[PDB]
>>> print(open('input.cif').read())   # mmCIF, C-alpha atoms and all ligand atoms
data_coords
#
loop_
_atom_site.label_atom_id
_atom_site.label_comp_id
_atom_site.auth_asym_id
_atom_site.auth_seq_id
_atom_site.Cartn_x
_atom_site.Cartn_y
_atom_site.Cartn_z
CA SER A 2 81.26 92.08 89.97
CA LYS A 3 80.47 95.29 88.08
CA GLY A 4 83.25 96.95 90.09
CA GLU A 5 85.82 94.69 88.56
CA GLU A 6 85.19 96.38 85.23
CA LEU A 7 86.52 99.68 86.55
CA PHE A 8 89.96 98.12 86.85
CA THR A 9 90.57 96.52 83.43
CA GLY A 10 92.91 99.40 82.32
CA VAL A 11 95.43 101.74 83.90
CA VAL A 12 93.75 103.79 86.67
CA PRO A 13 95.13 107.02 88.19
CA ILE A 14 95.60 106.90 91.94
CA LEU A 15 95.57 109.72 94.50
CA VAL A 16 96.50 109.13 98.13
CA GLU A 17 96.12 111.64 100.98
CA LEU A 18 97.31 110.89 104.50
CA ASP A 19 97.08 112.95 107.67
CA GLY A 20 99.18 111.53 110.43
CA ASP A 21 99.99 112.20 114.07
CA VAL A 22 102.53 109.95 115.73
CA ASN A 23 103.35 110.86 119.32
CA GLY A 24 102.37 114.45 118.64
CA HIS A 25 104.43 114.75 115.52
CA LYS A 26 101.89 115.75 112.85
CA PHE A 27 102.58 115.22 109.17
CA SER A 28 100.87 114.91 105.85
CA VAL A 29 101.68 112.79 102.84
CA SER A 30 100.28 113.03 99.30
CA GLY A 31 100.77 110.30 96.73
CA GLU A 32 100.12 109.98 93.02
CA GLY A 33 100.61 107.32 90.40
CA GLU A 34 98.70 104.55 88.68
CA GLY A 35 97.46 101.03 89.14
CA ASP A 36 97.01 98.20 86.59
CA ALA A 37 95.12 95.46 88.38
CA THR A 38 95.36 93.09 85.41
CA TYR A 39 99.05 92.81 86.39
CA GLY A 40 98.60 93.63 90.12
CA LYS A 41 100.90 96.55 89.50
CA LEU A 42 101.17 99.84 91.37
CA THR A 43 103.59 102.72 90.67
CA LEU A 44 103.35 105.60 93.09
CA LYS A 45 105.36 108.60 94.36
CA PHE A 46 104.62 109.79 97.92
CA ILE A 47 105.69 113.26 99.18
CA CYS A 48 105.76 114.54 102.74
CA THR A 49 104.04 117.90 102.31
CA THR A 50 104.79 119.19 105.82
CA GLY A 51 108.65 118.99 105.74
CA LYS A 52 110.60 115.96 106.98
CA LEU A 53 108.71 112.83 107.73
CA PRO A 54 108.99 112.12 111.50
CA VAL A 55 108.70 108.31 111.18
CA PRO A 56 110.54 106.03 108.72
CA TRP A 57 108.97 105.73 105.27
CA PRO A 58 108.95 101.91 105.57
CA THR A 59 106.54 102.11 108.49
CA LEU A 60 103.92 103.82 106.30
CA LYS A 61 104.14 101.53 103.25
CA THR A 62 101.32 99.22 104.29
CA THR A 63 99.04 102.17 105.07
CA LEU A 64 99.70 104.11 101.90
CA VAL A 68 94.63 100.32 97.65
CA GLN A 69 94.27 96.54 97.65
CA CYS A 70 91.59 96.90 94.99
CA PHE A 71 94.58 96.82 92.60
CA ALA A 72 95.42 93.16 93.40
CA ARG A 73 95.61 90.75 90.49
CA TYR A 74 92.94 88.09 91.23
CA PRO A 75 93.44 84.89 89.24
CA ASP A 76 90.47 84.17 86.98
CA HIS A 77 89.48 81.16 89.16
CA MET A 78 89.49 83.39 92.28
CA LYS A 79 87.67 86.45 90.91
CA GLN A 80 84.60 85.57 93.00
CA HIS A 81 86.73 86.32 96.05
CA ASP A 82 87.65 89.95 95.19
CA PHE A 83 85.83 91.95 97.84
CA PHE A 84 87.80 95.09 97.12
CA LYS A 85 86.72 95.71 93.52
CA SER A 86 83.18 94.48 94.26
CA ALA A 87 82.66 97.41 96.61
CA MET A 88 83.47 99.92 93.85
CA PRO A 89 82.72 102.59 92.87
CA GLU A 90 81.07 103.53 96.21
CA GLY A 91 84.12 102.15 97.98
CA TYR A 92 85.11 100.71 101.29
CA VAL A 93 86.53 101.80 104.64
CA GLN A 94 89.77 100.07 105.66
CA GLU A 95 90.84 100.17 109.31
CA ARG A 96 94.00 98.77 110.84
CA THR A 97 95.82 98.55 114.09
CA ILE A 98 99.55 98.02 113.60
CA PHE A 99 101.41 96.92 116.73
CA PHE A 100 105.15 97.52 116.68
CA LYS A 101 106.54 94.96 119.08
CA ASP A 102 108.10 96.54 122.19
CA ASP A 103 106.99 99.98 120.90
CA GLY A 104 103.92 101.93 119.92
CA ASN A 105 100.98 101.35 117.61
CA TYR A 106 99.40 102.92 114.61
CA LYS A 107 95.59 103.06 114.17
CA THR A 108 94.40 103.93 110.71
CA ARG A 109 91.16 104.61 108.92
CA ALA A 110 91.14 104.88 105.12
CA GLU A 111 88.29 105.54 102.74
CA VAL A 112 88.94 104.09 99.27
CA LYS A 113 86.57 105.07 96.45
CA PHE A 114 86.46 106.51 92.97
CA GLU A 115 86.24 110.24 92.34
CA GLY A 116 85.53 110.18 88.63
CA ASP A 117 88.27 108.17 86.98
CA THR A 118 90.71 108.51 89.88
CA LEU A 119 90.90 105.91 92.68
CA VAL A 120 91.31 107.88 95.87
CA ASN A 121 92.66 106.66 99.22
CA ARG A 122 92.03 109.19 102.03
CA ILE A 123 93.71 108.16 105.26
CA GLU A 124 93.98 109.23 108.88
CA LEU A 125 96.77 107.72 111.03
CA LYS A 126 97.28 108.02 114.79
CA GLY A 127 100.37 106.68 116.55
CA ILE A 128 100.58 106.43 120.32
CA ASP A 129 102.87 104.90 122.92
CA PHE A 130 106.06 105.17 120.89
CA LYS A 131 109.59 105.43 122.37
CA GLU A 132 111.30 108.66 121.20
CA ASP A 133 114.48 106.66 120.99
CA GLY A 134 113.06 103.38 119.73
CA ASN A 135 113.34 101.87 116.27
CA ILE A 136 110.52 103.99 114.77
CA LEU A 137 111.00 107.53 116.15
CA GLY A 138 114.71 106.99 116.31
CA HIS A 139 114.89 106.08 112.61
CA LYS A 140 116.59 102.61 112.97
CA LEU A 141 114.79 100.76 110.15
CA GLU A 142 116.37 99.69 106.90
CA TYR A 143 114.75 100.60 103.53
CA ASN A 144 114.94 97.19 102.00
CA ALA A 145 112.19 95.44 100.09
CA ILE A 146 109.05 94.43 102.05
CA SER A 147 107.11 91.39 101.05
CA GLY A 148 104.57 89.05 102.62
CA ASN A 149 101.13 87.57 102.56
CA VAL A 150 97.97 89.37 103.69
CA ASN A 151 95.65 86.71 105.10
CA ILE A 152 92.01 87.52 104.26
CA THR A 153 88.86 86.13 105.79
CA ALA A 154 85.19 87.00 105.23
CA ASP A 155 83.27 89.02 107.85
CA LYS A 156 79.62 88.32 107.24
CA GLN A 157 78.57 90.50 110.21
CA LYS A 158 79.99 93.66 108.62
CA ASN A 159 79.40 92.54 105.02
CA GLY A 160 83.19 92.81 104.53
CA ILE A 161 86.51 91.22 105.35
CA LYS A 162 89.18 90.96 107.97
CA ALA A 163 92.89 90.46 107.39
CA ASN A 164 96.02 89.78 109.45
CA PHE A 165 99.72 89.69 108.65
CA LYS A 166 103.14 90.44 110.09
CA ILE A 167 105.82 92.65 108.62
CA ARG A 168 109.37 92.07 109.80
CA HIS A 169 111.19 95.26 109.33
CA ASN A 170 115.01 94.89 109.24
CA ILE A 171 116.68 97.10 111.84
CA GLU A 172 120.18 98.52 111.58
CA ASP A 173 121.65 96.34 114.25
CA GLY A 174 120.80 93.19 112.25
CA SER A 175 117.61 92.20 114.08
CA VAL A 176 114.06 92.71 113.15
CA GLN A 177 111.21 94.99 114.26
CA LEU A 178 107.84 93.18 114.07
CA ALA A 179 104.78 95.11 112.91
CA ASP A 180 101.65 93.02 113.58
CA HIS A 181 98.82 94.17 111.40
CA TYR A 182 95.09 93.65 112.10
CA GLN A 183 92.69 94.85 109.42
CA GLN A 184 88.97 95.26 108.77
CA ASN A 185 87.24 96.45 105.62
CA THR A 186 83.58 97.49 105.43
CA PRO A 187 81.77 98.58 102.19
CA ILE A 188 80.31 102.02 101.97
CA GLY A 189 77.27 100.94 99.99
CA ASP A 190 74.19 98.87 101.17
CA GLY A 191 74.37 96.34 98.52
CA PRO A 192 75.93 92.93 98.27
CA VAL A 193 79.74 92.46 97.85
CA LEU A 194 81.85 89.42 97.17
CA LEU A 195 82.53 87.72 100.48
CA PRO A 196 85.63 85.63 99.95
CA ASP A 197 86.80 82.22 100.84
CA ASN A 198 90.02 82.29 102.95
CA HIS A 199 92.98 83.31 100.79
CA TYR A 200 95.92 85.74 100.83
CA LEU A 201 97.44 88.59 98.85
CA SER A 202 101.09 88.02 98.04
CA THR A 203 102.51 91.54 98.11
CA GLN A 204 105.99 92.85 97.30
CA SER A 205 107.45 96.28 96.89
CA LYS A 206 110.63 98.15 96.18
CA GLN A 207 111.37 101.67 97.37
CA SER A 208 113.41 104.18 95.41
CA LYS A 209 113.99 107.95 95.01
CA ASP A 210 113.04 110.53 92.30
CA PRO A 211 116.52 112.01 91.53
CA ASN A 212 114.95 115.38 90.71
CA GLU A 213 112.97 115.67 93.85
CA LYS A 214 114.17 117.82 96.75
CA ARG A 215 111.26 117.20 99.11
CA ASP A 216 111.20 114.25 101.48
CA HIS A 217 109.51 111.48 99.40
CA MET A 218 109.46 107.78 98.50
CA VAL A 219 108.84 106.12 95.10
CA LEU A 220 107.22 102.68 95.32
CA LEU A 221 106.81 99.90 92.74
CA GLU A 222 104.51 97.21 94.07
CA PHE A 223 102.92 94.01 92.87
CA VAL A 224 99.91 92.41 94.60
CA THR A 225 98.61 88.99 93.62
CA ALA A 226 95.82 86.97 95.21
CA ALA A 227 96.72 83.33 95.86
CA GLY A 228 96.13 80.31 98.05
CA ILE A 229 93.09 78.68 96.38
CA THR A 230 93.85 76.06 93.79
CA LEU A 231 91.90 75.65 90.54
NA NA B 1 94.30 96.51 84.63
#
>>> encode(input="input.cif", output="structure tokens")
Amino acid sequence: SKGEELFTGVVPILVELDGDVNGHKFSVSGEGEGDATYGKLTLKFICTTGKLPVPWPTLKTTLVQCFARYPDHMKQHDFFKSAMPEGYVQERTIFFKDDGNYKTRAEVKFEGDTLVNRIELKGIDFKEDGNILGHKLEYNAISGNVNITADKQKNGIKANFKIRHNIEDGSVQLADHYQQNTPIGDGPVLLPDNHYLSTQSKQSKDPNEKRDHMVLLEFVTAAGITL
């Protein structure tokens, strides 16, 4: 795709999120850079409204899959870069087992040289004393596979995957993710064969930062089709 060309170097990233979970409204801004040749993302996210009212790990999946490293033999399956620069809309529902759900809508597109992810998030049906609002999740590394399928009807893709968040008591909190992506333009995109994105991250802190924030280092690699 011509879009793929926009990702051959290091690209600045800007993320903006407006959230409302159970009436607790918050905003997050993120900045960093992506190097899709290596599937690599380095970002710092800041809560700009004060303290974040949900755990940072619950927002990781929401807070730019156009930065995945696609193997050469799979580059015909990279929907995300093929929709650039006009971009795509990503929507998810995230069901936290035995608790509430997030619904998200993200618009991902270039503004000049910067890849921008503008997100709205709504959470409903949460327990004030459950694992999310009651801050019971661990901050350990999240990894897993995002299973992608083509959606010819919307000229896009669907995806599904589960995140198993470790909880303090030693069990896990499931977050079942359902995803759709639709291009913004009218023209053709790459509609992929079934495959997945193998995604891993590590969370850290900026020692100089006094605001509530998270630093993330992430690698995203497409896989599952053999040469
Ligand atoms: Na690159």
>>> residues_around(input="input.cif", residues="residue 60 (chain A)", least_positions_apart="2", cutoff="12 Å", atoms="only C-alpha atoms", output="NGL selection string")
:A and (18-20 or 22 or 27-29 or 31 or 46-48 or 53-58 or 62-64 or 98 or 105-108 or 123-127 or 136 or 141 or 143 or 146 or 167 or 169 or 179 or 207 or 217-218 or 220)
>>> closest_atom_pairs(input="input.cif", of="chain A", to="ligand NA 1 (chain B)", cutoff="6 Å", atoms="all atoms listed in the file", output="Markdown table")
| residue | atom | partner | partner_atom | distance |
| --- | --- | --- | --- | --- |
| A:8 | CA | B:NA1 | NA | 5.1 |
| A:9 | CA | B:NA1 | NA | 3.9 |
| A:10 | CA | B:NA1 | NA | 4.0 |
| A:11 | CA | B:NA1 | NA | 5.4 |
| A:36 | CA | B:NA1 | NA | 3.7 |
| A:37 | CA | B:NA1 | NA | 4.0 |
| A:38 | CA | B:NA1 | NA | 3.7 |
>>> atom_distance(input="input.cif", atom1="CA of residue 206 (chain A)", atom2="CA of residue 221 (chain A)")
5.4 Å
>>> closest_residue(input="input.cif", among="A:172, A:132, A:197, A:6", to="residue 152 (chain A)", atoms="all atoms listed in the file")
A:197
>>> atom_distance(input="input.cif", atom1="CA of residue 230 (chain A)", atom2="CA of residue 199 (chain A)")
10.1 Å
>>> closest_residue(input="input.cif", among="A:193, A:176, A:112, A:120", to="residue 156 (chain A)", atoms="only C-alpha atoms")
A:193
>>> residues_near_point(input="input.cif", point="(88.5, 89.1, 108.4)", cutoff="8 Å", atoms="only C-alpha atoms", output="list in words")
residues 152, 153, 154, 155, 160, 161, 162, 163, 164, 183, 184 and 185 of chain A
>>> atom_distance(input="input.cif", atom1="CA of residue 214 (chain A)", atom2="CA of residue 33 (chain A)")
18.3 Å
>>> residues_near_point(input="input.cif", point="(90.2, 104.6, 102.6)", cutoff="6 Å", atoms="all atoms listed in the file", output="short mmCIF file (atom, residue, chain, number, x, y, z; two decimals) with C-alpha atoms, keeping the file's coordinate frame")
data_model
loop_
_atom_site.label_atom_id
_atom_site.label_comp_id
_atom_site.auth_asym_id
_atom_site.auth_seq_id
_atom_site.Cartn_x
_atom_site.Cartn_y
_atom_site.Cartn_z
CA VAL A 93 86.53 101.80 104.64
CA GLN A 94 89.77 100.07 105.66
CA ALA A 110 91.14 104.88 105.12
CA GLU A 111 88.29 105.54 102.74
CA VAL A 112 88.94 104.09 99.27
CA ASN A 121 92.66 106.66 99.22
CA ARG A 122 92.03 109.19 102.03
CA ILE A 123 93.71 108.16 105.26
#
>>> closest_residue(input="input.cif", among="A:131, A:73, A:181, A:52", to="residue 226 (chain A)", atoms="all atoms listed in the file")
A:73
>>> residues_around(input="input.cif", residues="residue 140 (chain A)", least_positions_apart="2", cutoff="6 Å", atoms="only C-alpha atoms", output="JSON, numbers by chain")
{"A": [135, 138, 171, 172]}
>>> closest_residue(input="input.cif", among="A:109, A:231, A:90, A:40", to="residue 17 (chain A)", atoms="only C-alpha atoms")
A:109
>>> closest_residue(input="input.cif", among="A:115, A:149, A:100, A:5", to="residue 200 (chain A)", atoms="all atoms listed in the file")
A:149
>>> closest_residue(input="input.cif", among="A:144, A:203, A:43, A:59", to="residue 13 (chain A)", atoms="all atoms listed in the file")
A:43
>>> residues_around(input="input.cif", residues="residue 74 (chain A)", least_positions_apart="2", cutoff="10 Å", atoms="all atoms listed in the file", output="ChimeraX atom specification")
/A:37-40,70-72,76-82,201,224-227
>>> build_atoms(input="input.cif", residues="region 36-53 of chain A", atoms="N, CA, C and O atoms", output="PDB file, in the coordinates of the input")
ATOM      1  N   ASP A  36      97.426  99.086  87.718  1.00  0.00           N
ATOM      2  CA  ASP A  36      97.010  98.200  86.590  1.00  0.00           C
ATOM      3  C   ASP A  36      96.754  96.853  87.152  1.00  0.00           C
ATOM      4  O   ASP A  36      97.612  96.003  87.219  1.00  0.00           O
ATOM      5  N   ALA A  37      95.492  96.653  87.612  1.00  0.00           N
ATOM      6  CA  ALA A  37      95.120  95.460  88.380  1.00  0.00           C
ATOM      7  C   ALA A  37      95.208  94.201  87.546  1.00  0.00           C
ATOM      8  O   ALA A  37      95.389  93.124  88.130  1.00  0.00           O
ATOM      9  N   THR A  38      95.148  94.284  86.216  1.00  0.00           N
ATOM     10  CA  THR A  38      95.360  93.090  85.410  1.00  0.00           C
ATOM     11  C   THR A  38      96.687  92.462  85.731  1.00  0.00           C
ATOM     12  O   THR A  38      96.819  91.216  85.630  1.00  0.00           O
ATOM     13  N   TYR A  39      97.682  93.288  86.063  1.00  0.00           N
ATOM     14  CA  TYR A  39      99.050  92.810  86.390  1.00  0.00           C
ATOM     15  C   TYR A  39      99.403  92.982  87.887  1.00  0.00           C
ATOM     16  O   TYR A  39     100.569  92.773  88.278  1.00  0.00           O
ATOM     17  N   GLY A  40      98.391  93.357  88.691  1.00  0.00           N
ATOM     18  CA  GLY A  40      98.600  93.630  90.120  1.00  0.00           C
ATOM     19  C   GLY A  40      99.588  94.720  90.373  1.00  0.00           C
ATOM     20  O   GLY A  40     100.242  94.714  91.436  1.00  0.00           O
ATOM     21  N   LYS A  41      99.746  95.671  89.464  1.00  0.00           N
ATOM     22  CA  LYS A  41     100.900  96.550  89.500  1.00  0.00           C
ATOM     23  C   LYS A  41     100.516  97.938  89.957  1.00  0.00           C
ATOM     24  O   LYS A  41      99.582  98.589  89.434  1.00  0.00           O
ATOM     25  N   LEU A  42     101.319  98.492  90.859  1.00  0.00           N
ATOM     26  CA  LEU A  42     101.170  99.840  91.370  1.00  0.00           C
ATOM     27  C   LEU A  42     102.499 100.597  91.229  1.00  0.00           C
ATOM     28  O   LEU A  42     103.554 100.077  91.581  1.00  0.00           O
ATOM     29  N   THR A  43     102.423 101.820  90.740  1.00  0.00           N
ATOM     30  CA  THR A  43     103.590 102.720  90.670  1.00  0.00           C
ATOM     31  C   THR A  43     103.153 104.035  91.285  1.00  0.00           C
ATOM     32  O   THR A  43     102.219 104.672  90.791  1.00  0.00           O
ATOM     33  N   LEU A  44     103.809 104.427  92.368  1.00  0.00           N
ATOM     34  CA  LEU A  44     103.350 105.600  93.090  1.00  0.00           C
ATOM     35  C   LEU A  44     104.581 106.416  93.563  1.00  0.00           C
ATOM     36  O   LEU A  44     105.599 105.881  93.899  1.00  0.00           O
ATOM     37  N   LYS A  45     104.403 107.714  93.723  1.00  0.00           N
ATOM     38  CA  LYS A  45     105.360 108.600  94.360  1.00  0.00           C
ATOM     39  C   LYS A  45     104.662 109.281  95.500  1.00  0.00           C
ATOM     40  O   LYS A  45     103.575 109.906  95.291  1.00  0.00           O
ATOM     41  N   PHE A  46     105.193 109.217  96.708  1.00  0.00           N
ATOM     42  CA  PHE A  46     104.620 109.790  97.920  1.00  0.00           C
ATOM     43  C   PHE A  46     105.536 110.942  98.354  1.00  0.00           C
ATOM     44  O   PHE A  46     106.757 110.790  98.376  1.00  0.00           O
ATOM     45  N   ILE A  47     104.973 112.057  98.783  1.00  0.00           N
ATOM     46  CA  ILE A  47     105.690 113.260  99.180  1.00  0.00           C
ATOM     47  C   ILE A  47     105.191 113.626 100.596  1.00  0.00           C
ATOM     48  O   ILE A  47     103.981 113.698 100.838  1.00  0.00           O
ATOM     49  N   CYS A  48     106.136 113.961 101.494  1.00  0.00           N
ATOM     50  CA  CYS A  48     105.760 114.540 102.740  1.00  0.00           C
ATOM     51  C   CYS A  48     105.555 116.033 102.484  1.00  0.00           C
ATOM     52  O   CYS A  48     106.553 116.729 102.147  1.00  0.00           O
ATOM     53  N   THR A  49     104.350 116.532 102.667  1.00  0.00           N
ATOM     54  CA  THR A  49     104.040 117.900 102.310  1.00  0.00           C
ATOM     55  C   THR A  49     104.233 118.856 103.452  1.00  0.00           C
ATOM     56  O   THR A  49     104.081 120.042 103.253  1.00  0.00           O
ATOM     57  N   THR A  50     104.655 118.384 104.622  1.00  0.00           N
ATOM     58  CA  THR A  50     104.790 119.190 105.820  1.00  0.00           C
ATOM     59  C   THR A  50     106.295 119.387 106.177  1.00  0.00           C
ATOM     60  O   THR A  50     106.532 120.011 107.167  1.00  0.00           O
ATOM     61  N   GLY A  51     107.223 118.842 105.440  1.00  0.00           N
ATOM     62  CA  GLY A  51     108.650 118.990 105.740  1.00  0.00           C
ATOM     63  C   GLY A  51     109.294 117.627 105.764  1.00  0.00           C
ATOM     64  O   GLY A  51     109.131 116.846 104.820  1.00  0.00           O
ATOM     65  N   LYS A  52     109.979 117.233 106.809  1.00  0.00           N
ATOM     66  CA  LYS A  52     110.600 115.960 106.980  1.00  0.00           C
ATOM     67  C   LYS A  52     109.584 115.013 107.620  1.00  0.00           C
ATOM     68  O   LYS A  52     108.929 115.369 108.581  1.00  0.00           O
ATOM     69  N   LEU A  53     109.560 113.810 107.136  1.00  0.00           N
ATOM     70  CA  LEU A  53     108.710 112.830 107.730  1.00  0.00           C
ATOM     71  C   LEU A  53     109.242 112.402 109.120  1.00  0.00           C
ATOM     72  O   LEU A  53     110.424 112.043 109.205  1.00  0.00           O
TER      73      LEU A  53
END
